[PDB]
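One chain comes next, on its own, written as structure tokens: the form deposited in one PDB entry.
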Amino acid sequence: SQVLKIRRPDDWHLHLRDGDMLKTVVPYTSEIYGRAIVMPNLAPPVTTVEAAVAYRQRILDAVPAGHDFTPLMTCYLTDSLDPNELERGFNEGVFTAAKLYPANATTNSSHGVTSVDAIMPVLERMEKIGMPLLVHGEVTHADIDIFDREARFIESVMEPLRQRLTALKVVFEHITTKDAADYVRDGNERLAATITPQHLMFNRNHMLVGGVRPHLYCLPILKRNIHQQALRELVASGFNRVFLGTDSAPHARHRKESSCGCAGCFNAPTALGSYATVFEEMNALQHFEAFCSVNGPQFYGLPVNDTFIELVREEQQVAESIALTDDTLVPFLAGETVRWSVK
């Protein structure tokens, strides 16, 4: 029975939520991954050092005893964010990075960004102190087709930004297009990307042919197969500025299977085995470890994990659901037989 031993992985893009949801979902990450980039999109969002410190402790509280797990916190960038607050968080090791969600002129200054132009002072402080910027790379204008939102972000925001702040380290989060794949492949050392398991394994047909599958509904939206193939080719190439970020993004069942389903896959339980299945199919296991356990740390200037973990090619069924205090959570690939499992 075939075995894959890799240095313990890290998840460079993760939603842990808060309260009870957090207590449930934390263990699925902390039993596997050494570290995770904990995204800041709470309600209200994490935009101060003091909120990040408190959030961190709630995370640490929910980590089962014996798990060696370190959450790496982020600041939600907003128009009202004081550059000195972000810097003090970076300097105090509270903020590992800052996350830029799509702009909107409508957004409250405490909850987001009106435009990149409006936050140049904060972005300049990041460039100055070498703080990485993590970007959800979409433009959200109402007259842009949802499948075009990422490509449009590249041309109208990403490139003008990187051409203006030339020392800024940037992670193009959860890329979903050949446009992003090529852009990142052809970039310099200050540009990297994360890729989710869903964007490697599936394309839009999987979400829409023979029924609408809201558990495959996430942002950025799954694209046509040519994009799925460009992404698979990119990781299979051994390109070293792409790395694991699950974008595990849990919602209660009733919020997913509604008249208006929330975006996000709860993939933490199944993501590692799923990536392993993809590298195998691409005949590229030689590059699997580096994607999970090496590329991320090198980009962020952090150590590589020095413990190991083993996957086995033993078929395991994925639970149909995962109980929460009040509803249930449907994992990514619920009820299916996954190929690789952690030993």
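Here the rigid core means the biggest group of C-alpha atoms that line up within 1.5 Å when the two forms are laid on top of each other. Shifts are known only where both forms have a C-alpha. In this text, residue numbers run from 1 along the sequence as written.
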| query | finding |
| --- | --- |
| Within-chain third of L234 by Cα B-factor, per the entry | highest |
| Within-chain third of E189 by Cα B-factor, per the entry | middle |
| Entry-reported Cα temperature factor of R7, expressed as the chain third it lands in | middle |
| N41 - Cα temperature factor, lowest/middle/highest third of chain | middle |
| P27 by Cα B-factor - lowest, middle or highest third of the modelled chain | middle |
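This next part talks about the form deposited in another entry, which is not shown.
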{"item": "Entry of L234, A103, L168, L200 that shows, once the rigid core is matched between this form and the one not shown, a C-alpha shift of 2 Å or more", "value": "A103"}
{"item": "Distance trend in the other form - C-alpha atoms of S110 and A52, change of 3 Å or more", "value": "farther"}
{"item": "Cα-Cα shift for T107 and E124, closer or farther in the other form, minimum 3 Å", "value": "farther"}
{"item": "Segments displaced between this form and the one not shown (3 or more residues, each Cα shift of 2 Å or more, core-superposed)", "value": "103-112"}
